[PDB]
Amino acid sequence: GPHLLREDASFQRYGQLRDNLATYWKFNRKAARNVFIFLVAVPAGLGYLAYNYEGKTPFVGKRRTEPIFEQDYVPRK
Amino acid sequence: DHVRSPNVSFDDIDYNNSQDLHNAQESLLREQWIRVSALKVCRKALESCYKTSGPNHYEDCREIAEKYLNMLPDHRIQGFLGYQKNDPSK
Amino acid sequence: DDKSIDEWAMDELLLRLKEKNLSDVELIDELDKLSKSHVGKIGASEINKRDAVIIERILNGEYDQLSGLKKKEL
Amino acid sequence: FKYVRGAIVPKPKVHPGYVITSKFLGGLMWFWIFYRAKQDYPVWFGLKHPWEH
Amino acid sequence: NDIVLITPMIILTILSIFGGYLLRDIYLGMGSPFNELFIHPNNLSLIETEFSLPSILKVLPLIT
Amino acid sequence: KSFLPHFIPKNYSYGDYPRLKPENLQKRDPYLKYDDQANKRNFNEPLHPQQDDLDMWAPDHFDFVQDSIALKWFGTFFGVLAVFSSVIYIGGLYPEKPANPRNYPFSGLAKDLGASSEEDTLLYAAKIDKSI
Amino acid sequence: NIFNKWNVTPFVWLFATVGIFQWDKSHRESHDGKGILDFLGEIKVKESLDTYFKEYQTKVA
Amino acid sequence: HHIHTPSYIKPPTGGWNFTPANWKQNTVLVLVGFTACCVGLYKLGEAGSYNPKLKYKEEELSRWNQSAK
Amino acid sequence: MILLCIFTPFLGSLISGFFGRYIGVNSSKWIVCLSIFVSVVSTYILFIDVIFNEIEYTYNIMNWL
Amino acid sequence: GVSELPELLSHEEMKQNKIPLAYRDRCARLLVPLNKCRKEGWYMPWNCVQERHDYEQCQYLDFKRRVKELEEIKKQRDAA
Ligand SMILES: CCCCCCCCCCCCCCCCCC(=O)OC[C@H](COP(=O)(O)OCCN)OC(=O)CCCCCCCCCCCCCCCCC
Ligand SMILES: CCCCCCCCCCCC(=O)OC[C@H](COP(=O)(O)OCC[N+](C)(C)C)OC(=O)CCCCCCCCCCC
Ligand SMILES: CCCCCCCCCCCC(=O)OC[C@H](COP(=O)(O)OCC[N+](C)(C)C)OC(=O)CCCCCCCCCCC
């Protein structure tokens, strides 16, 4: 109606660039390193941890069977 | 009125009978919810014992606390698919 | 008038308490005067009611029949 | 209000309520500090035990 | 400033002089029942703190 | 003096997008007059591709000292406290306990501490008063 | 205006909900625990529902 | 003093030093309503509160522990 | 006594938050101060009843989970 | 006028008086009147002056008794 927003050319170019960053992406060595870390290295770390302790954590009502405090005090003298 | 569980075991039915299988699934589920109800009642005893005992809760509620920790790992809903689809004897 | 499965299981536990200890005079007295609206409020609460023996019998007896449905063991 | 050039600030004359209240509050603290010292200076420094009298 | 601003400060000022002395026995008294806070018997050092301390350490923070 | 925050690229080629030197708008002079005084920006002024890391809404950047120098001091401060702590431990200069730690009767209050019988006495009891 | 269209509405819901709640509380004492909404209908029971299940599983088989 | 645009900006909390002409009338209507809620809270609190350390005798706790064994 | 101590400050927040426009700046501030003071007095009564008389108060509104 | 450690309380007497677990020691008997007077005195610094002092001096004897145990143990370790 009244165009309540004062459109800014620099903002529009900045907005358009952010929405179209895929156009200029290149699968260079820098990109490959970041892709490997987020999609392979990090999932592998969780992948190992998830199955390493899968079914090996019976924490429901786990009981204490070892005394906490020391009975006799041995002086340093 | 209070409808009661139709006690039926997976070991005494034919799974081809869909009604008998349906009762066995329901009967196992209803028994598991009774255990949870029993666990909550036993926990209520522990809560009441702890408050009134004060510094004597270790001694006054020793057997109650031991009972709660033993029942806790298994007094929960486990479903029926595990026992329906598995034969422990084999 | 919706009875959830947990609400049904609480009533069933008290019903099985009666059906297994019909010879206990003290148990029947507390159950009869334990109203339906107060059935699910067992334990410490604002309501003045006698349920100590009700809790005591449950603490001593396993009223679930889960082992009966599992007729096969390892 | 008028500003007087080259006039040093004299001693302020605050409302009497503020001055009296401030001294009394300090007087309460100092009296209480001395009152506890008169009765607890041995125990404070470990020179004596509270039951010893 | 005005009296309304002053009034809470005076009330706090008096509580900053006498409050700790009156409430010391409730929380710091030996054997006072405070079962809400649990202290294991092996962790009660209120005796070795009160008696075994050298007299110098009792005043060292004051001197510094 | 001032320096750019980390992870701000020196170069970029996003097609025909204008290439301007990355500027932290937080460091601009506030006594100047701008169309957007709060953000210290004039109308239609071009934005860096990562301008969100170089504006007022970005985390405040500290430029009094370099990060390497700031981290050298931070490690030095805790390094002093680490050596001070280790020397007293290895040297063993901390005072000895003046008395035997507190003992308690009834097998070290075993029953009062959740023990059931003599098998679990040492599992729950405190230091046992051996002198009755 | 302190009793405008926007201020009154939240208080009306509270009064209506509490009044109906007490009405339902009184309605259960004289009707053996049955609620106020018993006029709309009744909950269907297992015996009739399982008949539909038995016929449903028969056609599927 | 300044301009606050109060003709349309009417937040629930006032909008730049707002006090209606009939503020005395509404204040009394609020104080009575506020007083009618503290009393209602007090009656609900007294009738609903209980002492958790007195709902069961120590003899009853002994029977609970022995049965739980 | 317990309910009055806890939820009275909430009443002051609601009154100033949504009725502060209709009562003005001055009355809004003092009504909030009034609500906190009611909690102050109720707390002191409970402090004597709990610390000195070894009494506890418990109110259970309803089940959450 | 406490001069020696008083007699040890029984198990039930500690239970009935609800003595704190960390304070269930030789001075338990003297602790019962102190905690009983503190309740009636609202834990004021001017209501249980002597009962508090008697309990304070008892713990002093218990502390000195544990000094003897450490010194006695300190000789067995060196002798062995
Ligand atoms: C902005 C958008 C608008 C939203 C703002 C308003 C949101 C209100 C949210 C309310 C949600 C509904 C909760 C009340 C519904 C009634 C609950 C109920 O079914 O009753 C449970 C309880 C006892 O259960 P029972 O014996 O089964 O009684 C059933 C009888 N038919 O019976 C009772 O004791 C009834 C108790 C009624 C309590 C009244 C509500 C008090 C305020 C909420 C209390 C929650 C705790 C305080 C939370 C504040 C943060 C600490
Ligand atoms: C348990 C939760 C209970 C919450 C109930 C408390 C009372 C609510 C009061 C609402 C009215 C108010 O204050 O918001 C509106 C006021 C109005 O501004 P003003 O001060 O009248 O001046 C006006 C001058 N302006 C116009 C320049 C502001 O501010 C605001 O626009 C602040 C924006 C964010 C509001 C956040 C509301 C609270 C969020 C709560 C998250 C759970
Ligand atoms: C003594 C009694 C003490 C208790 C008092 C209770 C007061 C209740 C409120 C009455 C006033 C009212 O509902 O206000 C409603 C308000 C006021 O704006 P509006 O009505 O839309 O007018 C503006 C529109 N116009 C211009 C067309 C007229 O709306 C809101 O934006 C309310 C948004 C919800 C805020 C709170 C969210 C809380 C979430 C978490 C809850 C725990």
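A chain's residues are numbered here from 1, following its sequence as written, a convention that may not match the entry; residues for which no coordinates exist are omitted. Starting at A for chains and at 1 for ligands, labels are handed out in the order in which the entities are written. Scope of values: the displayed chains only, which are part of a larger assembly. Water and hydrogen atoms were dropped before computing side-chain values, which therefore reflect all heavy atoms in the structure.

Chain I has the name NADH-ubiquinone oxidoreductase chain 5 in the PDB entry, where Komagataella pastoris is given as its organism. Here the entry title, as the record gives it, is "Closed state with NUQM and with flavoprotein (classification state 1) of Pichia pastoris mitochondrial complex I in cMSP26 nanodiscs".

As annotated in the PDB entry, chain H is NUUM subunit of mitochondrial NADH:ubiquinone oxidoreductase (Complex I) from Komagataella pastoris.

### Considerations on helix α1 (residues 5-29) of chain G
Here is the rule we go by: Working definition: helices are DSSP H or I runs of at least four residues, strands are E runs of at least two. Numbering for both runs from the N terminus. By this rule, a helix spans an expected 1.5 Å times one less than how many residues it contains. Contacts are residue-level and defined by heavy atoms, with any inter-residue pair within 4.5 Å sufficient.
In this model α1(G) runs 37 Å from its N-terminal to its C-terminal C-alpha over 25 residues, within 8% of the 36 Å that 1.5 Å per residue would give. On its buried face, α1(G) is in contact with α1 (2-23) of chain I.

### Things to note about the arrangement of the chains
Counting contacts across all 23 pairs of chains that touch, the top-ranked interface belongs to chains B and C. Here chain C and chain F are not in contact; the least distance found between their C-alpha atoms is 19 Å. Looking at chain F next to chain G, you find no contact at all, with the nearest C-alpha pair sitting 36 Å apart.

### Comments concerning the packing of aromatic side chains
For the record, the criterion: Any two rings among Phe, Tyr and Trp, with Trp reduced to its six-membered ring, count as a pair given centres within 6.5 Å; such a pair is stacked if its planes are under 30 degrees apart, edge-to-face if over 60, and tilted if neither. A positively charged side chain is recorded as over a ring if its NZ (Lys) or CZ (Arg) lies within 6 Å of the ring centre. The angle to the ring normal must also be within 35 degrees.
Applying the stated criterion across every chain, the model contains 23 aromatic pairs over all chains. Judged by centre distance (5.1 Å) and plane angle (75°), the rings of D:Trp32 and E:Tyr21 are edge-to-face. In this pair, D:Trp32 is assigned in helix α1 (residues 16-44) and E:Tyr21 in helix α1 (residues 3-28), connecting two distinct chains. Ring geometry for F:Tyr12 and F:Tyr14: centres 5.4 Å apart, planes at 20°, overall stacked. Within the aromatic cluster, the residues linked to one another by ring pairs are D:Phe31, D:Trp32, D:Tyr35, E:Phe18 and E:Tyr21. The ring of F:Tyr94 has A:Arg76 sitting right over it, with the charged end atom 4.2 Å from the ring centre. Directly above the ring of C:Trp8 sits B:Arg30, whose terminal nitrogen or CZ lies 4.6 Å from the centroid.

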